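Taken one at a time, structure 1 and structure 2 that follow are two forms of one protein chain, written as structure tokens.
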Structure 1
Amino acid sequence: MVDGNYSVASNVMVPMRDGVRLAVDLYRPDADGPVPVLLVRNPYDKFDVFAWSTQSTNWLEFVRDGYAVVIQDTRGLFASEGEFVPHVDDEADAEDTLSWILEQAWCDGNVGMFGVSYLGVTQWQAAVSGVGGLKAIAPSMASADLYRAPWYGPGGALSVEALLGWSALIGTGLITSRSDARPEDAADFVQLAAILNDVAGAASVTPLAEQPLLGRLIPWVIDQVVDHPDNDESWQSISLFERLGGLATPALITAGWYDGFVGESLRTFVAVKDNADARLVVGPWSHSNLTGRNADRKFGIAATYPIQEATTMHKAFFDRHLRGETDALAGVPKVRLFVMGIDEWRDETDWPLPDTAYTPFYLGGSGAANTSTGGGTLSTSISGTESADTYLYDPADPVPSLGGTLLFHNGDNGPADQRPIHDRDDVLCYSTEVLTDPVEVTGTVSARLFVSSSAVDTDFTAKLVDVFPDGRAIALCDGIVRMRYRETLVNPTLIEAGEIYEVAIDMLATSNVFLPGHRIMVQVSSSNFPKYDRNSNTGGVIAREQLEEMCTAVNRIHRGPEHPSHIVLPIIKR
């Protein structure tokens, strides 16, 4: 009829294999024949478009240029039929929805997907179904292994602030969506708001498996997550990662240096790049702050999330794979990253970078290394003297979390200043001398330590930091290991008191230039709360224990010629 015009239809119903119906809205352009189509799957109400779109694209431009778009409510929420349970229904429900679209008289045979966070995980669940008409995807800030992110981790400890925050949010949604109110609704709303104003206080109640409010409204919180600490049968059935090597579907991938999903986002790129056309973009953002401005650190206006440039890139990508235009991606790079320290964008040909040198930095020093005014050092040469550092860990007084990859508890300040915790006795410090030449670090990061303990189970932690001329000490990346899971996440065994073990710690990834006049620094301890839950030091079932039945431990770090403890850094020199 007329180029650039369109129309909208509400509440169209779509049948699943068991008889349940799900509701959708349709945005269709004026046209003289069938067109290409794009799909989104959402658990936060399909009507409320303004709440998520500012974190994605200006997608009405796609419709004005001739694409149709479909938005859906997931099973058991808002306008859809059925009952709601996280993750377990999403693979089959996507298969049945894609089949329905291909049956309509307005579809030309070509389909794709886009979206962020939970709207990103649903895209990988669709890709393994085996439907021929799906041509390309674009998942932002997401994961394909739900144990590794966001509920547990590669070290085998529970992410307690993430679980309690998300659950209270879904609960508040169910109360507000009802027409006819229940008698208990008014009091429940008051208690839910008290959790969100103080997440750390709510995580402090023992035993942890006792949740009168949250357990009543959503049984899944206890029946699946808290009751299953090993990476066993229940978790492996909802994992997609092992099947990714057999596919051949193109994917446009996005991430952030201070985002909770960052480790697992990068792993998906490495797994698909050999078999199809993949692309990557990485900025300095956290999950709830995309501005580029923080309390003690500013990156500049070029670091603010660039919504118009992202809209242009997505459209070129679909024109190639859905419309078959062979020259649509001309002059577009393979990898694009924001390099901190110098604070500017830069283009590359692969990830990991092709000219990388993995280099050990050794722990040493005369005298004890306790606090920031002790005597710990870092060097590229092996230490000459044999020594050991010692401290006491008490579960009733843990080290508090400050910045990093937090989601709901104070999650708007990623590059935080560390000075408020520097003078604790259970925090060991090691650093280099003041630098005269610049040093670049870009890639994956980890550590190898020699340790011992007075109990049959405990935890160990490590963290990388940048020290400014004016005194500021800014955080970069971190990780943890729980001792019973030192060799395997599937079949755990306890340790022997007083014996020495060699262990590895996964610290995710970063990109930063350390300038002349700065120092490189490392922090080592046994806790980080409420980012991770606290170890009891007994060897029993942690989530079922009272505070008064836990105990303290004496822990040690060994260093020298026969025990060479170190951190491994990815150096770039051009």
Structure 2
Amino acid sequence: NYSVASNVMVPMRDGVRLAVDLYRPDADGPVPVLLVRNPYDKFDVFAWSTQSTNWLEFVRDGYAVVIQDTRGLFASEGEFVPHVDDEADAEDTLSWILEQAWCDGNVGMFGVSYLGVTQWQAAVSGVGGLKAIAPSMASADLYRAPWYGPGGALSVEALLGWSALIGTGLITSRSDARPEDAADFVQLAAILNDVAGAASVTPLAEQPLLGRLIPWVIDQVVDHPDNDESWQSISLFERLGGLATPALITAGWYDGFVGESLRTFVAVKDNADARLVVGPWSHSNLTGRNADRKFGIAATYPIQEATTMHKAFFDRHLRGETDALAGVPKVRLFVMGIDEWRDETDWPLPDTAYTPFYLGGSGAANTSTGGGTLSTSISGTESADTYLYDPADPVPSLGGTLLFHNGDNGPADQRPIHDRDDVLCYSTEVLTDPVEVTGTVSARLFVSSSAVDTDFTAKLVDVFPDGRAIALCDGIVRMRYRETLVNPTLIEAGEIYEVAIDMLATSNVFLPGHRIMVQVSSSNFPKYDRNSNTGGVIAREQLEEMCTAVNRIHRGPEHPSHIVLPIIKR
């Protein structure tokens, strides 16, 4: 049995009061507490909970749960600006919880997405009472995920889509109903119905609606393309290695935060009890069912199993039950292809063979019907594949790690974009034996451009016997950020550069009858904004002042372009 207290006002260091809801068990004395920091209304528990845990079970089992409205939203006072106030607000909320009569000195956290990012922001405070966190589909470096990326390109669909979602929330919670609210609601809906079209406006920085409702969209995100001091100020990643806080980390292979979610596991595993669970989900699709790819009912987000695991995790760290995690694996991955859940002892997998698969083939590799090949052997002849990248006609984003723009079809069939001359395809011969690729994926390409800046993309694909070319993982490298995301430099026209493309991670068994395929291009819109091919401030440029670029991929003995695949042999 339990009770629920609504709108308990918690004072922050500056006097601003944040509203919390208290779910407290009918107990004799103090109990362990779990905190959730939410920017989408603490009252609306059903909206996020289905992507997390059946957490009322925690309350029925003796835990107190506190759900808070973040600063400036809904029942909370103050002004809302994403990320900047969460470290301090979390520290003050954790301190308040610890001071209460119903708290036994043990606090934990759980939640998904922004409710996951806020946990990393709470973890770096150094509050002794915080014994464990459980961040799902989260990031500890906001530049790397979800706003930009390891390649330095703006995740424009993520930005405009989320800003429009928050804009809808900021309006239905402010001081009195304004006459322009009705018109603004329709305009925000127009952005959510066509994020690609909203991202196609030039200059990208000119956002009349979003820039008015939430200035941060331009002031912080669009205006800061480099991983500068403004981003480092809200980044938690470098402080993660110094922590000794247990973390139950959940991720999804097609989730926009996957690269960063996995990196947080690697950062905390040595100093504390870190756990990892990765399924085949995208941010908005946790069903395991997609348009052209079904992973089976076992792939559907196992909410009750997740609840049991979280309870066992919290029982060990908040209650002191030393044997609570007995039989529970360190890492649990959904291996695609064979479509089965598998227990592992570590991430990256102990037996990982980082194997180069070289780009080769006779003739031009343009289109799926070209001569592009992939092999573990170095190509014998020096060749080059050339194409024209026009910002007015970018390669459309199809699946992958899309968040808001068609973000419910991660393992998308790539056939609709196969006819494009700007999509270079490289494939292995039809496999006779299974090849498992589980781990971080990257590419090393020898490239040249006619422009002083451009982008280069790489996408890993599983070609099915029936024709389906299913996307797995992808990445991008904006040339000015080839060596560093902090201090960019331009490239010289015609000169060959060896660049690295971070393609995040995947777990897939390429079964017999299938082919391993890699797509190389210079755009992936709106997953990433279009490079202007000018070397200018991309988001401030007009479409008419943008240039086309004649891009080239070099392959052979002296230029061994390849994709590094994390091969597991069992």
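Each form is matched to the other, and the largest set of C-alpha atoms that superpose within 1.5 Å is called the rigid core. Here, a residue number simply tells you its place in the sequence of structure 1, counted from 1.
If you fit the rigid core between the two structures, you'll see the Cα of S288 move by less than 2 angstroms.
A displacement of 2 angstroms or greater separates the C-alpha positions of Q104 between the two structures, with the rigid core held in common. The Cα position of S177 differs by 2 Å or more between the two structures after fitting on the rigid core. Taking the core as the reference frame, the CA atom of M313 shifts 1.5 angstrom between the two structures. For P34, the Cα deviation between the two structures after core superposition amounts to 2.3 Å.
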